[PDB]
Every structure is written in C-alpha cells, then in structure tokens.
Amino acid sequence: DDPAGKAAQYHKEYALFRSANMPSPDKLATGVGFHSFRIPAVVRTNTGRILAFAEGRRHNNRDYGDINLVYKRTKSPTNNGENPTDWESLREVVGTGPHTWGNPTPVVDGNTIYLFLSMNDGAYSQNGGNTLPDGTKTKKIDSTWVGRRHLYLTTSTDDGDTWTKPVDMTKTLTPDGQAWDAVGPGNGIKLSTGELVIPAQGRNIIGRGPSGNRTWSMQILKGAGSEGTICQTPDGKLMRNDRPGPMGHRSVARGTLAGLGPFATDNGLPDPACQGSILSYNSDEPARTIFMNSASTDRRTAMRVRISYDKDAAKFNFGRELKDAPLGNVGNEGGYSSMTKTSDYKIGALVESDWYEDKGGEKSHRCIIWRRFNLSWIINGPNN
C-alpha cells in the first residue's frame, strides 16, 4: 500500500486566468485584456514561489494573431498558491507587435528560470487563409525567415519578477528548412545528472553547463510528436510521452541523452490528440510519476490524473477523474494541462476550460483553472 493514501484527502480549485467574459477578468496594468487564456505552464522555483504561464489570446481563441505570453506568480515564496488572493496580478513576459508569442515551456535551473517559447509573425498561421481582426488573411507558415515558426528563450534570475528580452534561437535550436514548429508546451526538466531537457517538435533541446550558464543543443528524434512531454523515470532513463497525430492514445518512447528508442502507442493511455502533462513526483520509495491528460479517444473533457509506481512508468493506475472535484462558473473543464509539486506536498495543476459559447468557433472564451490536490485524493478515487 502507498503510505500517502492514509492521509486525509485534500483538493481545492479555482480559476486563475479569467477570460474577458468573466467577472474580474485578468488584464495587464496597461489595460490590455484577453478574450481567452490557453496553453498553461507551471513551475515551482527553488524559493517555493510558483510561476504560472499562459498564452493571452487578445481577440479570439485562435492559435494565430496577436497573442502574448503572460504570467502570474504567487505573492510570496511560502503561500503555495493556496487561495486566489495568494497570486499577483497578471504580468507579461513578451507581447511585442501583432505577433504570436506562446507555447510556454519553462524549466527551473537553480536560481535561473529558463522559459522557451514559440513565435510567429502576426501575418502568418499554421494553415494560412485565416481572417484576422483587421480583415486581412493570413499567409501559411512556411520555411522563410519571416514566415517560419521561431524558437525563443528568455530567462529570469530574480524568481520570475523580471525576464530578459527574448533571444531568437531558431538558427541553432530548430532544424534548418523547417516551417511549423512547437516547443512543449508545459515544462522541461532537470536531470539527476544536472542536464536540462526541453521537449519540442521532433526533438529534445538539451542544456548543458553550470547552473545558470547553459549552452543548448538539439537531440533529433525519429517518430516524435509535435507537442511532447519529457520525464526522467525512477530508473534514470528519459521518457517522451507525446500527443499523437491521430486521435487514440499517447505515443511513448524511452532512452537516454545518447538517444531514444522507437515511439509506440501506449494503449493504457487514451488521448484525443491533445496535449498532456507529466511530473516526476519523487524518487525515494515508493517512486511516483504523475500523468494528466483527457483520458478519452475523442474528447478533451475527460481529464484524469494518474500515478505510476513503475521504474520505467510502463503502467499507470486508473487514477482520478477531475470531475470528482468539479468547479462551477468556469465553463467546461478540459484540455491542455501542466503540473508542479508545491512546497507543501501537493500537486498543483493548471487545466484549460472552455465556455463553448460559439461551440468550436473562434468566439468561445477560454479560461484556466488552478487545482491543488494531494496524493491521497488521487489514490482514494472511487474507481482506483
């Protein structure tokens, strides 16, 4: 038996990024508000402060157009994001121009937080032919310098308070000739041996060097997804657990910094072609890996958090459905997620929610929920 299961269950949940349609919507100090928030990423810093990132999509819920990378921090290093008033007001990492800034993918490295992100020129979209608010039609993302997806890196050495001007690393950390790209979204990791690993489309991005003074390289992968997760399992090996191209199940590969083995579908982890998140919770006995996604082959509204006790994370339990702790007044929960461990031995998770007013159309407002729960809450789930 898992000794953490004997504890009293704990869960608490509330909206952290409140869309423009909601009371007390999240706005920047400049007065800039956002139609939707999507694409969460969360990390605990070495002070205990929590940093929550998202895409602030200004005018509608689409992946293209004027989109800013925004964030909140907990007001103190010690409050663990317990209550809504424990969080600072909305701030911006980068929002310059009419461009798309997004795919936040942070990793904590001692006293430096690195944040990788994707960017495209505001006149371009993944598919092309999309209408922008001014009536212009996007061009299709292509392999030109202006028209491709870029990869940027920004850093903080003051616990997330301020961020360096993002540095364009496309020429060294994205393959030449590539058009569309993505990093994460969600999080990177620091290995037991001290290297940093950031998941990206078709590759890992590897940081080596002393803490806070890293240089970065690509590890090209065969058969990897566009939106990946990375994890160091208790056996010390790396694992990529990726969003599949076709709806069905997660696509998983295992290996080391010298290379990954083949990707293959994991039939224990249904997925509707959506982002997921993964977290190494602890390496001491019993070692646990936590996984969160929508546990369904066709919809995003079946959010499930699970534990694996396997050294290679081969098998996860049923876990618990997040609808067991439902939250009112935030739309229909489900979508992209990100998890961290808090200082008080909870899992903190950001989870997307959709008001669905325009159905799948661009006008449906999107918000992001902050959940905390302990292992007991997962372990003692009714179907677990």
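All residue numbers refer to positions in the sequence shown, first residue = 1.
For the pair 316-324 and 52-60, the mean Cα B-factor is higher in 316-324. As listed in the deposited structure, the average C-alpha B-factor of 352-360 and of 64-72 is greater for 352-360. In this structure the maximum Cα B-factor among 252, 205, 153, 90 is found at 252. Per the deposited record, 224 carries the highest C-alpha B-factor of all listed residues (179, 189, 113, 224). Sort the chain's modelled residues by C-alpha temperature factor and residue 12 lands in the highest third, per the entry.
Ranked by Cα temperature factor within the chain, residue 239 sits in the highest third according to the deposited record. Ranked within its chain, residue 99 lands in the lowest third, by CA B factor from the PDB record.
Ranked by C-alpha B-factor against the other modelled residues of its chain, residue 149 falls in the lowest third. Per-chain ranking of the deposited C-alpha B factor places residue 163 in the middle third.
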